[PDB]
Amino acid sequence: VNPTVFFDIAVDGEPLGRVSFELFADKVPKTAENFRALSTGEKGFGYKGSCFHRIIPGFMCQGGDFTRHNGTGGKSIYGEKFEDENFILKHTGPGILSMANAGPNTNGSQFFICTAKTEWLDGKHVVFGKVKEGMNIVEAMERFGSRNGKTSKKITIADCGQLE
């Protein structure tokens, strides 16, 4: 059974709400497991307290840099980077959860949540989950984005973990 994780999102420290994700462990188990472990913090590091550093209304919300907190960092549970597992799943519309990267085989911890269909990313970013509950929270996070992605408030993962 595919695991479920949640983010409790805050805006400048004030609660906004909870987004939950199904992780497609049946199709991308290594990529799903990295995201699951970083969400629980069980390796001693992970997403808790990190921010969404790039939000572009009409496209996506991007986050996951918990090492440098500037959009340049992040690391996986397998090392700084790991390989593209597969490109089976596509960027079909809002809610898709997919890995950010800096070219082939450079997955770390950064990820993005689509707010539209982003088909030209197919075959270049590994899709590994989707929003289950709280998509309207992600839509609400777009209110603080901009054309080049700089955010107007601090959008943070105040808490995260795995749902039973």
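Numbers follow the displayed sequence, beginning with 1.
Asker: Would 129-137 or 58-66 have the larger average of its C-alpha temperature factors, as given in the entry?
Answerer: Going by the record's values, the stretch with the higher mean is 129-137.
Asker: Could you settle it for me: does 71-79 or 88-96 have the higher average Cα B factor in the PDB entry?
Answerer: For C-alpha atoms only, the mean B-factor is higher in 71-79.
Asker: Take the CA temperature factors straight from the PDB entry and tell me which of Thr40, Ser109, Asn101, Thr115 peaks.
Answerer: It is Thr40.
Asker: Going by the CA temperature factor in the PDB record, which third of the chain does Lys153 belong to: lowest, middle or highest?
Answerer: Highest third - that is where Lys153 ends up once the chain's C-alpha B-factors are sorted.
Asker: If you rank every modelled residue in this chain by C-alpha B factor, which third holds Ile9: lowest, middle or highest?
Answerer: CA B-factor rank for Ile9: middle third.
Asker: Ranked by Cα temperature factor within the chain, is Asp26 in the lowest third, the middle third or the highest third?
Answerer: Tercile = highest for this residue's CA B-factor.
Asker: Divide the modelled residues of the chain into thirds by Cα B-factor and specify which third, lowest, middle or highest, holds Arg143.
Answerer: It belongs to the middle third of the chain when residues are ordered by C-alpha B-factor.
Asker: Classify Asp122 as lowest, middle or highest third according to the C-alpha B-factor given in the PDB entry, relative to its own chain.
Answerer: Middle third, going by the recorded CA B-factors of the chain.
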